[PDB]
Every structure is written in structure tokens, then in C-alpha cells.
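Engineer: Here you go, one structure.
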Amino acid sequence: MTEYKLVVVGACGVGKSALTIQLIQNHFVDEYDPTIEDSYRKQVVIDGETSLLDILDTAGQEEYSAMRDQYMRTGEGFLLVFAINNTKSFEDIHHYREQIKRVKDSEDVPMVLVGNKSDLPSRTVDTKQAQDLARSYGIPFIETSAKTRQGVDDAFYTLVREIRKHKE
Ligand SMILES: *CCC(=O)Nc1ccc(-n2nc(C)c(-c3c(C)ccc4n[nH]cc34)c2C)cc1
Ligand SMILES: Nc1nc2c(ncn2[C@@H]2O[C@H](COP(=O)(O)OP(=O)(O)O)[C@@H](O)[C@H]2O)c(=O)[nH]1
Ligand SMILES: [Mg+2]
Ligand SMILES: [Mg+2]
């Protein structure tokens, strides 16, 4: 059984914890403590092949940390999470990708762009902007809602497909 280290990254309040808790414990958490940074394990079947996922839900301060570079270097795939009603979180995705690329001295790290809070009728980031950004990056884009569970397994299974493609 192949083991994969997944890292969930994105601005404060985009739903990093909510998506990770939906995937693992199948429930939506409205007030998850913003400081808690934890790892979760889950066995899943993706395209008829089982993998053990080890998912790091990131938290902490907006700061450079030579210790954060260490966790990031071990990550084999990343979810770049933005919220559709927060343009700043979508503008922030470029910075997050540049930091992942810097720490892994490469331009082809498995990544998935994730547009979270798709259940909200209030939208500031257009789907065409996110499709075009994922298009220039060469990565998939997955629309999700941690609240309704829409696209949640899809975002993580797609990241696994990306890691599997990269490792061949
Ligand atoms: C509201 C809590 C929360 O979401 N906090 C949080 C903390 C840190 C980050 N973040 N900013 C940067 C920059 C990085 C990062 C990345 C993505 C790769 C390599 C890195 N090396 N040092 C920092 C760093 C992270 C995780 C966002 C949000
Ligand atoms: N409506 C809605 N709210 C979400 C969704 N995901 C997270 N939230 C809410 O947005 C806030 C931030 O979520 P959280 O997982 O704590 O963000 P994190 O800081 O990126 O880990 C919380 O109050 C969640 O209830 C979603 O898909 N839809
Ligand atoms: Mg969190
Ligand atoms: Mg690619």
C-alpha cells in the first residue's frame, strides 16, 4: 500500500480544517480553533488502488519558519485552498505556490487548486479566473463546500491522482 503525505494550505479562514475534518470524520465544524495544526491518517481507494493518506492541515502565523520549510519539503502533494467570497485568499494562492516551489527546488510539485465555500451565494472570485489560473499552473481545479461535502473527496482523490502521475 503506497503512503502519500498531503498538505492543505491556504489563507486564514478559507476552510482548511473544515475540509480535512469532512474527509476524515464526515462532519462539518463551524468553529474550528484556528491555531490547531494537526496530521490525520485515512486509508482510501482511488481508481481501484488503495493508498494511506497522511494529511497535514496547516495553521499558525503568516511568517517565515525554517521549521515550516521542513514539513513542506516532506509533503508530496498540496491543496491550494481559497474561498470563493474572499478575493484576497485567491490572490494569496500565487504566494503559496511560490513558497512550495522554493522549498522543493522544483516547478512541478503535485498541486490542486481548491475553490472552497461553493455553497455560498455571495461570490467574488469568478470560476473562469480560477479555471484560467489552474490552467496556467498546469494543475486541476476542484470546487468544494466543506459545509455540504460537495467536491470534498474529489479534491483529495484528485490530488492523489496528481501524485501518482508525478511519481511514474
Ligand atoms: C488562520 C490560520 C492559518 O490559516 N494560518 C496560516 C499559517 C501559515 C500559512 N502559510 N504562509 C506561508 C508563507 C506558508 C508556507 C508555505 C505554503 C510553504 C513553505 C513555507 N515556508 N515557510 C512558510 C511557508 C504557510 C503554510 C498560511 C496560513
Ligand atoms: N459556508 C461555508 N462555510 C465554510 C466552509 N468551510 C469552512 N467554512 C467556515 O469558514 C470558517 C473558517 O473555516 P476553517 O476550516 O476554520 O478555516 P481554516 O482557518 O482555513 O482552517 C469557519 O467558520 C467555517 O465554518 C464552506 O465550505 N462553506
Ligand atoms: Mg484551521
Ligand atoms: Mg501539471
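Note that the numbers count up from 1, one per residue, in the order the chain is shown.
Technique stated in the header: X-ray crystallography, 2.0 Å.
In case you wondered, yes, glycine gets a Cβ from its N, Cα and C as well.
Straight from Swiss-Prot, here's the annotation block:
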- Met1: N-acetylmethionine (MOD_RES)
- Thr2: N-acetylthreonine (MOD_RES)
- 32-40: motif 'Effector region' (MOTIF)
- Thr35: (Microbial infection) O-linked (Glc) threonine (CARBOHYD)
- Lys104: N6-acetyllysine (MOD_RES)
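On this model, are these features tucked inside or out on the surface, and what's nearby?
Structural biologist: For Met1 (N-acetylmethionine), the same-chain residues lying six or more positions away in sequence with a CB closer than 8 A to its CB are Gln43, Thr50, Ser51, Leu52. In the three-state DSSP scheme, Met1 (N-acetylmethionine) falls into the coil class.
Packing around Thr2 (N-acetylthreonine) is summarised by its Cβ count: 12 other Cβ atoms lie within 10 angstroms of its Cβ, all protein chains included.
Only residues 6 or more beyond the boundaries of the motif 'Effector region' (32-40), in the same chain, are considered here, and those with a CB under 8 A from a CB of the stretch are 12-13, 17-18, 20-21, 23-24, 53-60.
DSSP gives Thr35 ((Microbial infection) O-linked (Glc) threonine) a coil state; it is part of no helix or strand. Counting only residues at least six positions away in the same chain, the Cβ atoms of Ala59, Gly60 sit under 8 Å from the Cβ of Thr35 ((Microbial infection) O-linked (Glc) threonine).
Cβ-based neighbour count (10 Å, all protein chains) for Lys104 (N6-acetyllysine) stands at 17.
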Engineer: Rounded to an integer, what is the Cα-Cα distance in Å between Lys104 (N6-acetyllysine) and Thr2 (N-acetylthreonine)?
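Structural biologist: That separation, Cα to Cα, works out to 21 Å.
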